[PDB]
Structure formats: structure tokens, C-alpha cells
$ cat protein_14.pdb   # PDB, N, CA and C atoms
ATOM      1  N   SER A   1      -3.576 -15.356   1.893  1.00  0.00           N
ATOM      2  CA  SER A   1      -5.056 -15.463   1.959  1.00  0.00           C
ATOM      3  C   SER A   1      -5.658 -14.252   2.672  1.00  0.00           C
ATOM      4  N   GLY A   2      -4.795 -13.334   3.094  1.00  0.00           N
ATOM      5  CA  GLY A   2      -5.255 -12.147   3.780  1.00  0.00           C
ATOM      6  C   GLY A   2      -4.284 -11.688   4.845  1.00  0.00           C
ATOM      7  N   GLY A   3      -3.004 -11.720   4.518  1.00  0.00           N
ATOM      8  CA  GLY A   3      -1.986 -11.322   5.458  1.00  0.00           C
ATOM      9  C   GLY A   3      -1.048 -10.299   4.864  1.00  0.00           C
ATOM     10  N   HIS A   4      -0.131  -9.792   5.672  1.00  0.00           N
ATOM     11  CA  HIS A   4       0.816  -8.805   5.209  1.00  0.00           C
ATOM     12  C   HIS A   4       2.086  -9.465   4.662  1.00  0.00           C
ATOM     13  N   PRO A   5       2.314  -9.357   3.353  1.00  0.00           N
ATOM     14  CA  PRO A   5       3.523  -9.877   2.718  1.00  0.00           C
ATOM     15  C   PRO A   5       4.718  -8.959   2.960  1.00  0.00           C
ATOM     16  N   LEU A   6       4.430  -7.712   3.289  1.00  0.00           N
ATOM     17  CA  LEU A   6       5.464  -6.733   3.542  1.00  0.00           C
ATOM     18  C   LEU A   6       5.611  -6.462   5.027  1.00  0.00           C
ATOM     19  N   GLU A   7       6.382  -7.301   5.700  1.00  0.00           N
ATOM     20  CA  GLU A   7       6.650  -7.118   7.124  1.00  0.00           C
ATOM     21  C   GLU A   7       7.451  -5.845   7.336  1.00  0.00           C
ATOM     22  N   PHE A   8       8.303  -5.547   6.370  1.00  0.00           N
ATOM     23  CA  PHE A   8       9.171  -4.381   6.420  1.00  0.00           C
ATOM     24  C   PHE A   8       8.369  -3.082   6.457  1.00  0.00           C
ATOM     25  N   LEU A   9       7.193  -3.092   5.844  1.00  0.00           N
ATOM     26  CA  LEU A   9       6.346  -1.904   5.804  1.00  0.00           C
ATOM     27  C   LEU A   9       5.671  -1.662   7.144  1.00  0.00           C
ATOM     28  N   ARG A  10       5.650  -2.692   7.974  1.00  0.00           N
ATOM     29  CA  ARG A  10       5.098  -2.582   9.314  1.00  0.00           C
ATOM     30  C   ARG A  10       6.107  -1.845  10.206  1.00  0.00           C
ATOM     31  N   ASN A  11       7.331  -1.737   9.696  1.00  0.00           N
ATOM     32  CA  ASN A  11       8.420  -1.038  10.372  1.00  0.00           C
ATOM     33  C   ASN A  11       8.501   0.388   9.852  1.00  0.00           C
ATOM     34  N   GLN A  12       7.510   0.758   9.062  1.00  0.00           N
ATOM     35  CA  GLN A  12       7.445   2.072   8.462  1.00  0.00           C
ATOM     36  C   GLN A  12       6.286   2.874   9.021  1.00  0.00           C
ATOM     37  N   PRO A  13       6.550   3.754   9.999  1.00  0.00           N
ATOM     38  CA  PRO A  13       5.513   4.607  10.568  1.00  0.00           C
ATOM     39  C   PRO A  13       5.012   5.601   9.530  1.00  0.00           C
ATOM     40  N   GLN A  14       5.877   5.898   8.565  1.00  0.00           N
ATOM     41  CA  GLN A  14       5.551   6.799   7.479  1.00  0.00           C
ATOM     42  C   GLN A  14       4.451   6.198   6.619  1.00  0.00           C
ATOM     43  N   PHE A  15       4.506   4.879   6.441  1.00  0.00           N
ATOM     44  CA  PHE A  15       3.535   4.190   5.612  1.00  0.00           C
ATOM     45  C   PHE A  15       2.179   4.173   6.275  1.00  0.00           C
ATOM     46  N   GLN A  16       2.177   4.105   7.590  1.00  0.00           N
ATOM     47  CA  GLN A  16       0.940   4.110   8.343  1.00  0.00           C
ATOM     48  C   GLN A  16       0.347   5.511   8.367  1.00  0.00           C
ATOM     49  N   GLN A  17       1.213   6.501   8.509  1.00  0.00           N
ATOM     50  CA  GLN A  17       0.813   7.906   8.492  1.00  0.00           C
ATOM     51  C   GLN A  17       0.125   8.242   7.170  1.00  0.00           C
ATOM     52  N   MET A  18       0.795   7.900   6.086  1.00  0.00           N
ATOM     53  CA  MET A  18       0.300   8.154   4.744  1.00  0.00           C
ATOM     54  C   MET A  18      -0.930   7.301   4.429  1.00  0.00           C
ATOM     55  N   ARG A  19      -1.034   6.144   5.093  1.00  0.00           N
ATOM     56  CA  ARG A  19      -2.117   5.184   4.842  1.00  0.00           C
ATOM     57  C   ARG A  19      -3.482   5.859   4.889  1.00  0.00           C
ATOM     58  N   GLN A  20      -3.675   6.717   5.879  1.00  0.00           N
ATOM     59  CA  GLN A  20      -4.939   7.432   6.045  1.00  0.00           C
ATOM     60  C   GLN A  20      -5.209   8.357   4.859  1.00  0.00           C
ATOM     61  N   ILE A  21      -4.142   8.922   4.313  1.00  0.00           N
ATOM     62  CA  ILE A  21      -4.238   9.888   3.225  1.00  0.00           C
ATOM     63  C   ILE A  21      -4.680   9.220   1.918  1.00  0.00           C
ATOM     64  N   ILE A  22      -4.150   8.030   1.654  1.00  0.00           N
ATOM     65  CA  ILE A  22      -4.491   7.292   0.434  1.00  0.00           C
ATOM     66  C   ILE A  22      -5.950   6.873   0.445  1.00  0.00           C
ATOM     67  N   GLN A  23      -6.452   6.575   1.620  1.00  0.00           N
ATOM     68  CA  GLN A  23      -7.836   6.184   1.776  1.00  0.00           C
ATOM     69  C   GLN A  23      -8.760   7.367   1.532  1.00  0.00           C
ATOM     70  N   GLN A  24      -8.200   8.562   1.604  1.00  0.00           N
ATOM     71  CA  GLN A  24      -8.938   9.767   1.299  1.00  0.00           C
ATOM     72  C   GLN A  24      -8.902  10.002  -0.202  1.00  0.00           C
ATOM     73  N   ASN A  25      -7.706   9.885  -0.779  1.00  0.00           N
ATOM     74  CA  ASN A  25      -7.513  10.089  -2.210  1.00  0.00           C
ATOM     75  C   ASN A  25      -6.480   9.113  -2.745  1.00  0.00           C
ATOM     76  N   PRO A  26      -6.907   8.044  -3.414  1.00  0.00           N
ATOM     77  CA  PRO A  26      -5.979   7.062  -3.989  1.00  0.00           C
ATOM     78  C   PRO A  26      -5.182   7.633  -5.174  1.00  0.00           C
ATOM     79  N   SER A  27      -5.431   8.892  -5.495  1.00  0.00           N
ATOM     80  CA  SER A  27      -4.739   9.563  -6.579  1.00  0.00           C
ATOM     81  C   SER A  27      -3.322   9.950  -6.160  1.00  0.00           C
ATOM     82  N   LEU A  28      -3.150  10.222  -4.875  1.00  0.00           N
ATOM     83  CA  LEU A  28      -1.859  10.623  -4.341  1.00  0.00           C
ATOM     84  C   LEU A  28      -1.044   9.411  -3.883  1.00  0.00           C
ATOM     85  N   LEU A  29      -1.595   8.224  -4.123  1.00  0.00           N
ATOM     86  CA  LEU A  29      -0.934   6.954  -3.794  1.00  0.00           C
ATOM     87  C   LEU A  29       0.518   6.902  -4.340  1.00  0.00           C
ATOM     88  N   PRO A  30       0.712   7.126  -5.663  1.00  0.00           N
ATOM     89  CA  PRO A  30       2.043   7.096  -6.282  1.00  0.00           C
ATOM     90  C   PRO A  30       2.938   8.227  -5.783  1.00  0.00           C
ATOM     91  N   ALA A  31       2.321   9.316  -5.344  1.00  0.00           N
ATOM     92  CA  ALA A  31       3.063  10.465  -4.849  1.00  0.00           C
ATOM     93  C   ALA A  31       3.701  10.143  -3.506  1.00  0.00           C
ATOM     94  N   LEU A  32       2.955   9.446  -2.668  1.00  0.00           N
ATOM     95  CA  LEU A  32       3.449   9.037  -1.365  1.00  0.00           C
ATOM     96  C   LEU A  32       4.500   7.954  -1.512  1.00  0.00           C
ATOM     97  N   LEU A  33       4.253   7.011  -2.406  1.00  0.00           N
ATOM     98  CA  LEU A  33       5.231   5.967  -2.695  1.00  0.00           C
ATOM     99  C   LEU A  33       6.489   6.574  -3.306  1.00  0.00           C
ATOM    100  N   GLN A  34       6.322   7.688  -3.992  1.00  0.00           N
ATOM    101  CA  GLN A  34       7.435   8.369  -4.614  1.00  0.00           C
ATOM    102  C   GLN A  34       8.459   8.812  -3.573  1.00  0.00           C
ATOM    103  N   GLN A  35       7.984   9.391  -2.458  1.00  0.00           N
ATOM    104  CA  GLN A  35       8.893   9.909  -1.427  1.00  0.00           C
ATOM    105  C   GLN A  35       9.776   8.799  -0.856  1.00  0.00           C
ATOM    106  N   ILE A  36       9.181   7.645  -0.595  1.00  0.00           N
ATOM    107  CA  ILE A  36       9.920   6.523  -0.046  1.00  0.00           C
ATOM    108  C   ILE A  36      10.863   5.932  -1.078  1.00  0.00           C
ATOM    109  N   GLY A  37      10.496   6.071  -2.349  1.00  0.00           N
ATOM    110  CA  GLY A  37      11.319   5.583  -3.441  1.00  0.00           C
ATOM    111  C   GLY A  37      12.750   6.101  -3.383  1.00  0.00           C
ATOM    112  N   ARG A  38      12.923   7.348  -2.969  1.00  0.00           N
ATOM    113  CA  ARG A  38      14.255   7.910  -2.839  1.00  0.00           C
ATOM    114  C   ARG A  38      14.816   7.669  -1.447  1.00  0.00           C
ATOM    115  N   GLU A  39      13.933   7.420  -0.490  1.00  0.00           N
ATOM    116  CA  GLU A  39      14.348   7.152   0.878  1.00  0.00           C
ATOM    117  C   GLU A  39      14.960   5.766   0.978  1.00  0.00           C
ATOM    118  N   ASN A  40      14.229   4.778   0.490  1.00  0.00           N
ATOM    119  CA  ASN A  40      14.688   3.398   0.494  1.00  0.00           C
ATOM    120  C   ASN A  40      14.016   2.640  -0.655  1.00  0.00           C
ATOM    121  N   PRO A  41      14.557   2.769  -1.885  1.00  0.00           N
ATOM    122  CA  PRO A  41      13.976   2.151  -3.088  1.00  0.00           C
ATOM    123  C   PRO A  41      13.847   0.643  -2.970  1.00  0.00           C
ATOM    124  N   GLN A  42      14.830   0.014  -2.352  1.00  0.00           N
ATOM    125  CA  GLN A  42      14.824  -1.431  -2.183  1.00  0.00           C
ATOM    126  C   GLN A  42      13.610  -1.865  -1.367  1.00  0.00           C
ATOM    127  N   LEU A  43      13.130  -0.969  -0.529  1.00  0.00           N
ATOM    128  CA  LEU A  43      11.992  -1.253   0.325  1.00  0.00           C
ATOM    129  C   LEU A  43      10.688  -1.131  -0.452  1.00  0.00           C
ATOM    130  N   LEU A  44      10.554  -0.053  -1.211  1.00  0.00           N
ATOM    131  CA  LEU A  44       9.352   0.167  -2.002  1.00  0.00           C
ATOM    132  C   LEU A  44       9.240  -0.879  -3.116  1.00  0.00           C
ATOM    133  N   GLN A  45      10.386  -1.368  -3.575  1.00  0.00           N
ATOM    134  CA  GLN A  45      10.424  -2.393  -4.606  1.00  0.00           C
ATOM    135  C   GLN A  45       9.878  -3.711  -4.081  1.00  0.00           C
ATOM    136  N   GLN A  46      10.138  -4.003  -2.803  1.00  0.00           N
ATOM    137  CA  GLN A  46       9.640  -5.233  -2.189  1.00  0.00           C
ATOM    138  C   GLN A  46       8.131  -5.292  -2.272  1.00  0.00           C
ATOM    139  N   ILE A  47       7.501  -4.138  -2.111  1.00  0.00           N
ATOM    140  CA  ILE A  47       6.046  -4.036  -2.136  1.00  0.00           C
ATOM    141  C   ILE A  47       5.491  -4.552  -3.461  1.00  0.00           C
ATOM    142  N   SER A  48       6.179  -4.224  -4.537  1.00  0.00           N
ATOM    143  CA  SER A  48       5.754  -4.605  -5.869  1.00  0.00           C
ATOM    144  C   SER A  48       6.152  -6.055  -6.187  1.00  0.00           C
ATOM    145  N   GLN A  49       7.198  -6.537  -5.534  1.00  0.00           N
ATOM    146  CA  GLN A  49       7.720  -7.875  -5.802  1.00  0.00           C
ATOM    147  C   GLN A  49       7.057  -8.952  -4.941  1.00  0.00           C
ATOM    148  N   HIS A  50       6.205  -8.544  -4.026  1.00  0.00           N
ATOM    149  CA  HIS A  50       5.518  -9.494  -3.155  1.00  0.00           C
ATOM    150  C   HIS A  50       4.093  -9.739  -3.619  1.00  0.00           C
ATOM    151  N   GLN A  51       3.377 -10.571  -2.875  1.00  0.00           N
ATOM    152  CA  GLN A  51       2.006 -10.924  -3.202  1.00  0.00           C
ATOM    153  C   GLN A  51       1.118  -9.683  -3.233  1.00  0.00           C
ATOM    154  N   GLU A  52       0.303  -9.587  -4.282  1.00  0.00           N
ATOM    155  CA  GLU A  52      -0.604  -8.458  -4.505  1.00  0.00           C
ATOM    156  C   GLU A  52      -1.530  -8.226  -3.306  1.00  0.00           C
ATOM    157  N   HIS A  53      -1.671  -9.252  -2.461  1.00  0.00           N
ATOM    158  CA  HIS A  53      -2.495  -9.193  -1.238  1.00  0.00           C
ATOM    159  C   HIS A  53      -2.165  -7.969  -0.389  1.00  0.00           C
ATOM    160  N   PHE A  54      -0.964  -7.434  -0.568  1.00  0.00           N
ATOM    161  CA  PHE A  54      -0.504  -6.258   0.162  1.00  0.00           C
ATOM    162  C   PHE A  54      -1.537  -5.115   0.127  1.00  0.00           C
ATOM    163  N   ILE A  55      -2.318  -5.033  -0.969  1.00  0.00           N
ATOM    164  CA  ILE A  55      -3.318  -3.971  -1.137  1.00  0.00           C
ATOM    165  C   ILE A  55      -4.289  -3.907   0.036  1.00  0.00           C
ATOM    166  N   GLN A  56      -4.500  -5.036   0.697  1.00  0.00           N
ATOM    167  CA  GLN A  56      -5.384  -5.086   1.845  1.00  0.00           C
ATOM    168  C   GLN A  56      -4.866  -4.158   2.937  1.00  0.00           C
ATOM    169  N   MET A  57      -3.585  -4.271   3.232  1.00  0.00           N
ATOM    170  CA  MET A  57      -2.971  -3.457   4.275  1.00  0.00           C
ATOM    171  C   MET A  57      -2.799  -2.033   3.779  1.00  0.00           C
ATOM    172  N   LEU A  58      -2.891  -1.881   2.474  1.00  0.00           N
ATOM    173  CA  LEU A  58      -2.793  -0.591   1.842  1.00  0.00           C
ATOM    174  C   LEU A  58      -4.117   0.164   1.954  1.00  0.00           C
ATOM    175  N   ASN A  59      -5.227  -0.568   1.838  1.00  0.00           N
ATOM    176  CA  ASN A  59      -6.551   0.049   1.854  1.00  0.00           C
ATOM    177  C   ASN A  59      -7.155   0.066   3.241  1.00  0.00           C
ATOM    178  N   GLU A  60      -6.654  -0.773   4.122  1.00  0.00           N
ATOM    179  CA  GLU A  60      -7.128  -0.780   5.482  1.00  0.00           C
ATOM    180  C   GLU A  60      -6.436   0.302   6.293  1.00  0.00           C
ATOM    181  N   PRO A  61      -7.184   0.969   7.172  1.00  0.00           N
ATOM    182  CA  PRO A  61      -6.656   2.045   7.991  1.00  0.00           C
ATOM    183  C   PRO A  61      -5.666   1.554   9.023  1.00  0.00           C
ATOM    184  N   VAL A  62      -4.879   2.466   9.535  1.00  0.00           N
ATOM    185  CA  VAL A  62      -3.886   2.122  10.520  1.00  0.00           C
ATOM    186  C   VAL A  62      -4.474   2.111  11.925  1.00  0.00           C
ATOM    187  N   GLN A  63      -4.575   0.922  12.468  1.00  0.00           N
ATOM    188  CA  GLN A  63      -5.104   0.693  13.794  1.00  0.00           C
ATOM    189  C   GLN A  63      -4.260  -0.360  14.482  1.00  0.00           C
ATOM    190  N   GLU A  64      -3.187  -0.731  13.821  1.00  0.00           N
ATOM    191  CA  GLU A  64      -2.298  -1.763  14.311  1.00  0.00           C
ATOM    192  C   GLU A  64      -0.925  -1.252  14.662  1.00  0.00           C
ATOM    193  N   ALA A  65      -0.118  -1.109  13.675  1.00  0.00           N
ATOM    194  CA  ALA A  65       1.251  -0.692  13.857  1.00  0.00           C
ATOM    195  C   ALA A  65       1.447   0.771  13.524  1.00  0.00           C
ATOM    196  N   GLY A  66       2.581   1.301  13.925  1.00  0.00           N
ATOM    197  CA  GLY A  66       2.915   2.673  13.631  1.00  0.00           C
ATOM    198  C   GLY A  66       4.363   2.948  13.923  1.00  0.00           C
ATOM    199  N   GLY A  67       5.212   1.970  13.620  1.00  0.00           N
ATOM    200  CA  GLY A  67       6.609   2.100  13.912  1.00  0.00           C
ATOM    201  C   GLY A  67       6.916   1.536  15.272  1.00  0.00           C
ATOM    202  N   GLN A  68       8.173   1.315  15.550  1.00  0.00           N
ATOM    203  CA  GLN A  68       8.566   0.774  16.827  1.00  0.00           C
ATOM    204  C   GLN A  68       8.416   1.823  17.908  1.00  0.00           C
ATOM    205  N   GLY A  69       7.407   1.642  18.733  1.00  0.00           N
ATOM    206  CA  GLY A  69       7.111   2.594  19.769  1.00  0.00           C
ATOM    207  C   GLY A  69       5.736   3.196  19.582  1.00  0.00           C
ATOM    208  N   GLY A  70       5.098   2.861  18.467  1.00  0.00           N
ATOM    209  CA  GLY A  70       3.777   3.373  18.183  1.00  0.00           C
ATOM    210  C   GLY A  70       2.851   2.304  17.631  1.00  0.00           C
ATOM    211  N   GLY A  71       1.565   2.481  17.839  1.00  0.00           N
ATOM    212  CA  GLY A  71       0.591   1.534  17.343  1.00  0.00           C
ATOM    213  C   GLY A  71      -0.538   2.238  16.632  1.00  0.00           C
ATOM    214  N   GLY A  72      -1.365   1.485  15.917  1.00  0.00           N
ATOM    215  CA  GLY A  72      -2.468   2.080  15.198  1.00  0.00           C
ATOM    216  C   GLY A  72      -3.410   2.866  16.095  1.00  0.00           C
TER
END
$ encode --input "protein_14.pdb" --output "C-alpha cells"
Amino acid sequence: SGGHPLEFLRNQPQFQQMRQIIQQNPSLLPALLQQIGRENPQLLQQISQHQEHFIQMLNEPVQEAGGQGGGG
């Protein structure tokens, strides 16, 4: 109803870093997802296999998490 289906992505500081960039240009969205695809495909696949609600955390800026040891 408005939560993060991808808890694993909250463990991704890279996703938070890139998050700001996608909000600037959603055109580079697949390009950023591309890099992680070779880093950990099983992880990027989870994003697509979970509830579409994930887009919320995708379009919302990083002010929460930023990897273990960092916050938004």
C-alpha cells in the first residue's frame, strides 16, 4: 500500500546514489540498472519480481538509507 518490497535495495548505497540521478533523467534509469545487472543480477531481478509499488522508492529521493553506515 506504499512500502518497500525490495528490502535488499535498502542495502544498496549504489541504488540510493543513483536514485538522485534518475529523478533528474528517467532516461538513464535502465543504464543505471544495467550496471547492477552484472554486479548482482539476482538482486536486480528481485526488483522486477516484486510488487510494482517499488517505483515509489524509485521516484522518491534518498533521505532514508544509504548503505550500512550511511543514511539519506
$ resolve_selection --input "protein_14.pdb" --expression "the PyMOL selection byres (((chain A and resi 55 and name CA) around 12) and name CA)" --output "PyMOL selection string"
chain A and resi 2-6+19+22-23+26+29+47-48+50-54+56-61
$ closest_residue --input "protein_14.pdb" --among "A:49, A:16, A:25, A:42" --to "residue 65 of chain A" --atoms "all atoms listed in the file"
A:16
$ select_by_dssp --input "protein_14.pdb" --residues "chain A" --states "helix (DSSP H, G or I)" --output "number ranges by chain"
A: 7-11, 13-22, 29-39, 41-49, 52-59
$ atom_distance --input "protein_14.pdb" --atom1 "atom CA of residue 11 of chain A" --atom2 "atom C of residue 66 of chain A"
6.7 Å
$ residues_around --input "protein_14.pdb" --residues "residue 43 of chain A" --least-positions-apart "6" --cutoff "8 Å" --atoms "all atoms listed in the file" --output "ChimeraX atom specification"
/A:8-9,36-37
$ atom_distance --input "protein_14.pdb" --atom1 "atom CA of residue 7 of chain A" --atom2 "atom CA of residue 27 of chain A"
24.4 Å
$ atom_distance --input "protein_14.pdb" --atom1 "atom CA of residue 20 of chain A" --atom2 "atom N of residue 62 of chain A"
6.1 Å
$ residues_near_point --input "protein_14.pdb" --point "(4.6, 5.1, -0.6)" --cutoff "6.5 Å" --atoms "all atoms listed in the file" --output "ChimeraX atom specification"
/A:15,29-37
$ axis_aligned_box --input "protein_14.pdb" --around "segment 13-23 of chain A" --padding-each-side "4 Å" --output "JSON"
{"center_x": -1.1, "center_y": 6.8, "center_z": 5.5, "size_x": 23.3, "size_y": 14.1, "size_z": 18.1}
